[PDB]
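Following: one structure in structure tokens, then a few remarks.
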Amino acid sequence: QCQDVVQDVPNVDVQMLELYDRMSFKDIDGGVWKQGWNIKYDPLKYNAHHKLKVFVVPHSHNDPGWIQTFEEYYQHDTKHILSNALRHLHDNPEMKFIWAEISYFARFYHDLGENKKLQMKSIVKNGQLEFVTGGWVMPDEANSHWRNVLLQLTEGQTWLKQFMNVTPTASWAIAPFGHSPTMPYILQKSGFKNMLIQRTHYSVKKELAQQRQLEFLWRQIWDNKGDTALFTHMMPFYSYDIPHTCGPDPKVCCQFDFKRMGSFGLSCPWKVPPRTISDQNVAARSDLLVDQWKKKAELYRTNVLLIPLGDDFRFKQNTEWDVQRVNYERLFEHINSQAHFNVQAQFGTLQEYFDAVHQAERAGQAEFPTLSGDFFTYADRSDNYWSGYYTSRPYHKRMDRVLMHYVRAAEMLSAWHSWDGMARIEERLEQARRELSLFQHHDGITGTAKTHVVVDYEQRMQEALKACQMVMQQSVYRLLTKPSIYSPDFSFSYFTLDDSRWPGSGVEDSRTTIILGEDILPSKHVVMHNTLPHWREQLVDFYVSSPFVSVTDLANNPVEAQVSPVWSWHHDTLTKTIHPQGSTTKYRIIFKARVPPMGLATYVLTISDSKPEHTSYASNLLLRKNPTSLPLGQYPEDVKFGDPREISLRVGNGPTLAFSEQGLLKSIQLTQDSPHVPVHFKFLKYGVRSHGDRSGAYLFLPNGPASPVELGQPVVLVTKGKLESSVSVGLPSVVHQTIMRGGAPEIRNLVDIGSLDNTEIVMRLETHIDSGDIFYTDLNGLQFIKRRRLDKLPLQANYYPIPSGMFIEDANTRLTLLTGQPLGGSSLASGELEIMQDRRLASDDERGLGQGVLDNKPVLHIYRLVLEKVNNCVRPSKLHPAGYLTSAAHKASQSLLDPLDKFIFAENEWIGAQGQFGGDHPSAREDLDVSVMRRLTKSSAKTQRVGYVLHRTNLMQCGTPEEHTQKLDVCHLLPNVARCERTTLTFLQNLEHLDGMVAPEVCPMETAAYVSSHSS
Ligand SMILES: CO[C@@H]1O[C@H](CO[C@H]2O[C@H](CO[C@H]3O[C@H](CO)[C@@H](O)[C@H](O)[C@@H]3O)[C@@H](O)[C@H](O)[C@@H]2O)[C@@H](O)[C@H](O[C@H]2O[C@H](CO)[C@@H](O)[C@H](O)[C@@H]2O[C@@H]2O[C@H](CO)[C@@H](O)[C@H](O)[C@H]2NC(C)=O)[C@@H]1O
Ligand SMILES: [Zn+2]
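Note that the sequence shown ends on residue 1108 in the UniProt record's numbering; no numbers are left out.
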């Protein structure tokens, strides 16, 4: 009974795209609630039989890196907050506290002595200290991939289950810069019942508050039935700090932040300090505070009110615990004893609030509206839209994607076996998962941390990449060596990884050359891994020390190969040009690897004395005035030269691409016969305002539409081969490359913004597609959501996250741009797509970072560009809020995010080598993925357990006849299965014991987790 995710438009009370269309966005002065109105209430609403029940929820926002590193904050702040929370909660049984960031809690609790560990477990068990969400971090929701949101959630909740014996079912997300429906998607499939959000556009807060729609059942945009719905509370005011959480008037609420009276170095900007509560003022102070509470309660439907009490790195000093607790206790004693207030107020936790709300709902006091959509792009005031962090620090945004994939591949490759503890597999994988998880923080992948904190994140992720490489190569050596020969040294490097696209050429000269020669080594084994659960072919390239190399498979069948030069681009400070130079001793060999589902395939590279029969050589043409020679050592084809001119290329049966004389795409012809469809790449620059608010790491505040980059007469390099052709051009700040391998082209930009201050570089595509004001962008790599460009909003409000792809279409034609990294983008006119490449900003943007963005470094951004005819596709109706990829665009996204992995055998001879692993793995239908495969038990467990997360996307149906494929039952991928269970996505709760030990496949747009148990 799968739900149809295409043809049924859900009926919801609030659909955010519709709301955006019909809503005004005027920024009017609301009074003391600057972005609201003067709230009025009827005092007679609450009375003896209907009291307002107020939960004051103490909290402390602890960033795992931002202006200090994780460890710096831990030593200077968080270890003291947690130590003093333990003490003060222990000593004050009615006090409560909620905690979100498990990275810090795990760091603290492991350093506690046993007596204090037991004390901590007691205040958790008795409900005083409550974990909210329980992720390793409170992640960004814009740039993060859903796989990594799940990874970090699982890392924190697995720790909490093991050590605290609790699993949160309420989420707390007070700080990400805008909010995504991927979160309720994952949380509802992970046992959650409630979630809270805060950072939404001030106009949205006003609109929803006017309708009492700040609490809603948030379902996915395609979900007609509502089974994805998760109850969500949106906070109504500008901040999560105490001045903006007691009620609408911050001048009043600041007087109830008792850390602000002076000795703590804090004050109230509204110039009225807090006063210590005493018997002689408690009636007056109570009157003021209850009036704020009753105004806040007017914005919600039940008689249960949430009052967060906290701020960043609060509840540190013992004196701060005392000043907040004793003054609130005095207020509660007075309020609760004076019947005319008709209030019962107490410290509470987040789960206590939600339980009481749903008790009111069950009592028939409220029904809640249904909502679908997202909450991007956030603006906290005026025109200050937070679309800059969709691009800031793009090197690390790209690195997140790379590490995402190597964590998946390392956990999958090593899951096939149990490993002795001496192999350190679990240690290395825990490290890798935790450093990637930490980077999902809303100051990590967002690019909003101080320079030295970004360096810490990068160093952590490099150690995680090294850890993944170690696990992967030990696993390949085990999976492909004859078992009676296998003799591992768990510290040795049997293989090294070769990655063509990270850090990427012009980024790092990291790539090892395979050194062959008659007097040293005639041949070398290489192995490709395919983490996807279907057979896959992909071209792979390696560097080799001779152009005379041929490829075989380990049945010694020849494999067709192409050798090309190794070209690198140089900014020549003497000629003031950007031009390529070729190596005269290293060459690139390219061939198609064919790899089993979730498997491995071995090939052999062999040198010979002359051109091998099954190896061809690319031609090379350098277009520039005033050329000079380009010798290439032993490469058998001389480079050709010419003046800049338009050129066209076609690889295989694929599209024909035409290029301008500046080396930029101008048109795509899909078929021999079909038209040249205009598709024009252009690079432009945005600047910064010379008056008013400045762009910085968070905010994008351009000084008008983008201006074209002046290109001069750039040098263009055309490489034409049977298997791979490309056009590369050295533009100012970007070496731009279009690569052809017979299908949709690959685009690579090596982006070096240099010392161009106050500049944002954008890549735009111009077409004739009649898209109007509509375009589609993805959310967290999970779903594509319809966007409408609104001219009532400024340019920066029409920018959205592009975490993995975007497209425009009309009745007949679609252009989809898939990315290998999250960046910001838009469609600012009909027929256009654009995506920001990097941004260098001299000023701070007044959101707390205290610096601009002047730490840029070269980054290789990767893309696929898919032009398609879509007039025969069955698409959603015009009212539906979602869009869906085609098969080719989905495969192109997978080619960027989860390419084949390439391993080079490190020693001269691999004794016992095998040619393949996984040839009998099922090759599953193209829309299904094994997103996670993770062994959950160490080797001493009698019953081994392996967890799998399956995800099925939804691809549009455009008339291509379906292949028979094989069903994938993950529970029988390993032998001796004894039990198969469906679980929450974190693997922490069993939901169903499955018949026959068979894990069913999932429906389109669904994600399920299974755990197989094996006797061992
Ligand atoms: C010191 O200058 C003030 O800085 C404020 C930002 O610092 C405060 O918040 C940070 C937030 O840290 C979290 O959020 C960041 C992203 O911002 C994130 O990266 C972190 O992970 C973390 O989660 C916090 O660390 C720090 O302790 C501090 O609390 C900023 O909000 C202030 O702007 C207000 O005040 C300005 C005058 O001082 C004023 O010009 C601004 O317009 C803005 O005024 C507010 O405007 C709204 C809407 O009109 C009103 O409703 C508010 O009442 C009003 N507030 C005030 C005080 O007037 C400021 O820049
Ligand atoms: Zn934060």
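Just so it is clear, CB atoms sit at the ideal spot from N, CA and C, and this is done for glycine as well.
Beta carbon of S263 nearer than 8 angstroms to that of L243 = One-based indexing of the sequence shown puts residue 263 at position 171. One-based indexing of the sequence shown puts residue 243 at position 151. In this structure, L243 does not lie closer than 8 angstroms to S263 by Cβ.
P400 - partner residues in DSSP beta bridges | Counted from its first residue, the sequence shown places residue 400 at position 308. DSSP lists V149 as partners of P400.
Skipping 5 residues on each side, what residues in its chain have a beta carbon closer than 6 angstroms to that of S700?
-> To locate residue 700, count along the sequence shown from 1; it is residue 608. The residues are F640.
Segment limits, beta strand (DSSP E) that includes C965 = Here the question's residue 965 lines up with position 873 in the sequence shown. Where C965 is concerned, there is no enclosing beta strand (DSSP E), given that its DSSP letter is neither H nor E.
Among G357, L909 and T604, the one whose alpha carbon lies nearest that of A984 = What you label residue 984 is simply residue 892 of the sequence shown in a count that begins at 1. Measuring from the Cα of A984, the nearest candidate turns out to be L909.
Given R352, which residues of its chain have a CB within under 7 angstroms of its CB, disregarding the five upstream and five downstream residues?
-> Position 260 of the sequence shown holds residue 352. For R352, where only same-chain residues beyond five positions count, the Cβ hits under 7 angstroms are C346, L358, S359, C360, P365 and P366.
Rounded to the nearest angstrom, how far is the Cβ of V435 from that of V146, given a contact under 8 angstroms?
-> Counting from 1 along the sequence shown, the entry for residue 435 is found at position 343. Counting from 1 along the sequence shown, the entry for residue 146 is found at position 54. Correct: roughly 6 angstroms between the Cβ atoms.
Spatial neighbours of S479 within its chain, please: CB distance less than 7 angstroms, with the 5 preceding and 5 following residues excluded, ordered by chain position.
-> Numbered from its first residue, the sequence shown carries residue 479 at position 387. Cβ neighbours of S479 beyond the five flanking positions: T469, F792, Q888, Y891 and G916.
To the nearest angstrom, report how far apart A267 and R1026 are at their CA atoms.
-> The residue you call residue 267 lines up with position 175 of the sequence shown. The residue you call residue 1026 lines up with position 934 of the sequence shown. Their Cα atoms are separated by approximately 30 angstroms.
Enclosing alpha helix (DSSP H) for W238 [first to last residue] = Along the sequence shown, read from residue 1 onward, the residue named residue 238 stands at position 146. Run containing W238: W238 to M256, per the alpha helix (DSSP H) assignment.
Do the region 133-150 and the region 182-200 touch if we need at least three Cβ pairs shorter than 8 angstroms?
-> yes
Would you call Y482 buried or exposed, if buried means 16 or more other Cβ atoms sit within 10 Å of its Cβ?
-> Within the sequence shown, residue 482 is the residue found at index 390, counting from 1. Flag for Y482 reads buried.
Would you decide whether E999 is buried or exposed? Buried here means 16 or more other CB atoms lie within 10 Å of its CB.
-> For the purposes of this step, residue 999 is identified with residue 907 of the sequence shown, where counting begins at 1. When all chains shown are included, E999 counts as exposed.
Contacts around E444, its chain only, beta-carbon distance under 7 angstroms, and the 5 residues preceding and following it disregarded | By one-based count along the sequence shown, residue 444 stands at place 352. Excluding positions up to five away in sequence, the list reads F147.
Alpha carbon to alpha carbon, how far is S506 from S567?
-> On the sequence shown, residue 506 is found 414 positions in, with the first residue counted as 1. On the sequence shown, residue 567 is found 475 positions in, with the first residue counted as 1. Computed Cα separation, rounded: 5 angstroms.
Using the Cα positions of residue 65 and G975, report the straight-line distance between them to the nearest angstrom.
-> With the chain covering only 93 through 1108, there is no way to say anything about residue 65.
Ranges of the beta strand (DSSP E) found wholly within the region 689-718, counting only runs of at least 3 = 691-699, 707-709 and 711-715
Classify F197 as helix, strand or coil using the three-state DSSP reduction.
-> Here residue 197 refers to the residue found at position 105 when the sequence shown is read from its first residue. Helix, per DSSP.
Cβ-Cβ distance between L809 and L697 below 8 angstroms | Numbered from its first residue, the sequence shown carries residue 809 at position 717. Numbered from its first residue, the sequence shown carries residue 697 at position 605. Result no, Cβ atoms of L809 and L697 do not sit closer than 8 angstroms.
Enumerated in chain order, which unbroken segments of the beta strand (DSSP E) with a length of 3 residues or greater are wholly contained in the region 365-395?
-> none
With a floor of 4 residues, list each alpha helix (DSSP H) that falls wholly inside the region 113-180, ordered by position along the chain.
-> 162-165
Around the C-beta of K317, are 16 or more other C-beta atoms found within 10 angstroms, so that it is buried, or is it exposed?
-> On the sequence shown, position 225 is the one that residue 317 refers to. Exposed is the call here.
Can the beta-carbon of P102 be found less than 8 angstroms from the beta-carbon of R311?
-> As a working mapping, residue 102 is identified with position 10 in the sequence shown. As a working mapping, residue 311 is identified with position 219 in the sequence shown. Result yes, Cβ atoms of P102 and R311 sit closer than 8 angstroms.
Closer than 7 angstroms by C-beta to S708: which residues in its own chain qualify, once you throw out the five before and the five after it? Chain order, please.
-> For this step, residue 708 is matched to residue 616 along the sequence shown. Cβ within range, chain order: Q654, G813 and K814.
How big is the Cα-Cα spacing for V966 and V296?
-> Within the sequence shown, residue 966 is the residue found at index 874, counting from 1. Within the sequence shown, residue 296 is the residue found at index 204, counting from 1. About 33 angstroms.
What's the call for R500, buried or exposed, on a 16-neighbour Cβ count within 10 Å?
-> Residue mapping note: residue 500 aligns to position 408 of the sequence shown, counting from 1. It counts as buried.
Mark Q160 as exposed unless 16 or more other C-beta atoms lie within 10 angstroms of its C-beta, in which case mark it buried.
-> Translated into the one-based positions of the sequence shown, residue 160 becomes position 68. When all chains shown are included, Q160 counts as buried.
Please report how far the alpha carbon of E938 lies from the alpha carbon of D844, in whole angstroms.
-> Here residue 938 corresponds to residue number 846 of the sequence shown, with the count starting at 1. Here residue 844 corresponds to residue number 752 of the sequence shown, with the count starting at 1. For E938 and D844, the distance between alpha carbons rounds to 26 angstroms.
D414 (DSSP reduced to helix, strand or coil) = Looking up residue 414 in the sequence shown gives position 322. Residue state, collapsed to three classes: helix.
8 angstroms Cβ cutoff met for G536 and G157 | Taking the sequence shown and counting its residues from 1, one reaches residue 536 at position 444. Taking the sequence shown and counting its residues from 1, one reaches residue 157 at position 65. Yes.
Apart from the five residues on each side of it in sequence, which residues of its chain come closer than 7 angstroms, Cβ to Cβ, to residue 1110?
-> With the chain running from 93 to 1108 in the structure shown, residue 1110 is simply not present.
Whole-angstrom Cβ separation of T1076 and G283, contact assumed at under 8 angstroms?
-> Looking up residue 1076 in the sequence shown gives position 984. Looking up residue 283 in the sequence shown gives position 191. Rounded, the Cβ-Cβ distance is 5 angstroms, consistent with contact.
Sorry if obvious, but does the Cβ on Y330 come closer than 7 angstroms to a heavy atom of ligand 1?
-> The residue labelled residue 330 in the question sits at position 238 within the sequence shown. Checking the Cβ of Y330 against ligand 1 gives yes.
In terms of alpha-carbon separation, which member of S979, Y955 and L971 lies closest to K961?
-> Indexing the sequence shown from 1 puts residue 961 at position 869. Nearest option by C-alpha distance: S979.
How is residue 54 classed by DSSP in three states: helix, strand or coil?
-> Since the first residue shown for the chain is 93 and the last is 1108, residue 54 is missing from the structure and cannot be characterised.
What are the start and end residues of each continuous alpha helix (DSSP H) run of 4 or more residues lying completely inside the region 522-594, in chain order?
-> 543-571
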